[PDB]
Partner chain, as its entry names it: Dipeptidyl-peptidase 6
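Presented below, as structure tokens, is a lone chain in the form solved without the partner chain.
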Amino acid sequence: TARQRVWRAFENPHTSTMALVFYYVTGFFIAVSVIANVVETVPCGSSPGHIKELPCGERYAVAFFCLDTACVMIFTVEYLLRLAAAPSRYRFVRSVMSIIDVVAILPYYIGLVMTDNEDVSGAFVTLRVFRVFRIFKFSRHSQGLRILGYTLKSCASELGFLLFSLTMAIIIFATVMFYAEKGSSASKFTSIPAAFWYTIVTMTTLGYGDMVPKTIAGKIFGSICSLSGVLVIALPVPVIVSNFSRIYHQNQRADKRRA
């Protein structure tokens, strides 16, 4: 019963005070690691003996490294204990949660085994972009009433269909806008993939304004794209609202049929 006790402590933290406090402690380290990751890019001032101000992640290299290694030791101990007290270890590993945990904790170890190649370029940048995966664990720790998740998986069909229609519309409008605008002077529409950016920014009603049409045909088709973008942003709202209300009432019905 010891292994089942540790497991029921893990996926049901509220049962035991010690389980609850371990839950809150690992949540706190996830939060501090996320905040440290965000902070270690902020350029600290006073530029001590440097041509340009160094970010807090290079000026205080050892401090942020010690904080990172404390967080990663906590995460690794968590994952090892979960792998121990898992009833079906293979099924536990196959869960997307363990995948996220391992791909979040790996960057630290992979950087530690490449300290000799400290002058590496490009690869470590992606490696430590994957250090943003700890926010996923943090979102998991707030596993409140996920009516929104149920609504999203209820609407998944129409959302994927809208994504496919949006892809077709993006390709069509990008072709049209590129051919209308390839001939302008210093034109930003240098290719159809280049016009993909303008199209996706227009159909979402961003309009950054870096790429704008400069020709009458380009402006006509940009207007058509704008209207289709109005439709794009507007359509999901009523159906998401309806599905949310439906699942909400369904959950109260389930609660009452449990009483």
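Positions refer to the first chain, counted from 1. Between two forms, the rigid core is defined as the largest C-alpha subset superposing within 1.5 Å.
One more form of this protein, solved in complex with the partner chain, exists but is not displayed; see below.
Is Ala86 close enough to touch the partner chain in the bound PDB entry, meaning at least one heavy atom pair within 4.5 Å? Although the partner chain is absent here, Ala86 would stay clear of it in the bound PDB entry, with no heavy atoms inside 4.5 Å.
When the contact criterion is heavy atoms within 4.5 Å, does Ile51 count as touching the partner chain in the bound PDB entry? Taking the distances in the bound PDB entry, the answer for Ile51 is no, it never comes within 4.5 Å of the partner chain.
Residue-level question: is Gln250 within 4.5 Å of the partner chain in the bound PDB entry, judged on heavy atoms? Taking the distances in the bound PDB entry, the answer for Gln250 is no, it never comes within 4.5 Å of the partner chain.
Residue-level contact is defined here as any heavy atom of the residue lying within 4.5 Å of the partner chain in the bound PDB entry; does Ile74 satisfy this criterion? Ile74: yes, in contact with the partner chain in the bound PDB entry.
For the partner chain, considered in the bound PDB entry: do all three of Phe92, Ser98 and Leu106 come within 4.5 Å of it, counting heavy atoms only? Answer is no for this spot.
In the bound PDB entry: members of 47-73 within 4.5 Å of the partner chain, any heavy atom: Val62, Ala63, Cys66, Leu67, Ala70 sit within 4.5 Å of the partner.
Is it true that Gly229 shifts between this form and the one not shown by 2 Å or more at the Cα, once the core is aligned? Yes; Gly229 is a residue whose C-alpha shifts (by 2 Å or more) between this form and the one not shown when the cores are overlaid.
So, superposing on the core, is the move of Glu158 at the CA at least 2 angstroms between this form and the one not shown? Yes; that C-alpha moves by at least 2 Å between this form and the one not shown.
Superposing on the rigid core, I want to see if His14 changes position between this form and the one not shown - specifically a Cα shift of 2 Å or more. It does not reach a 2 Å shift.
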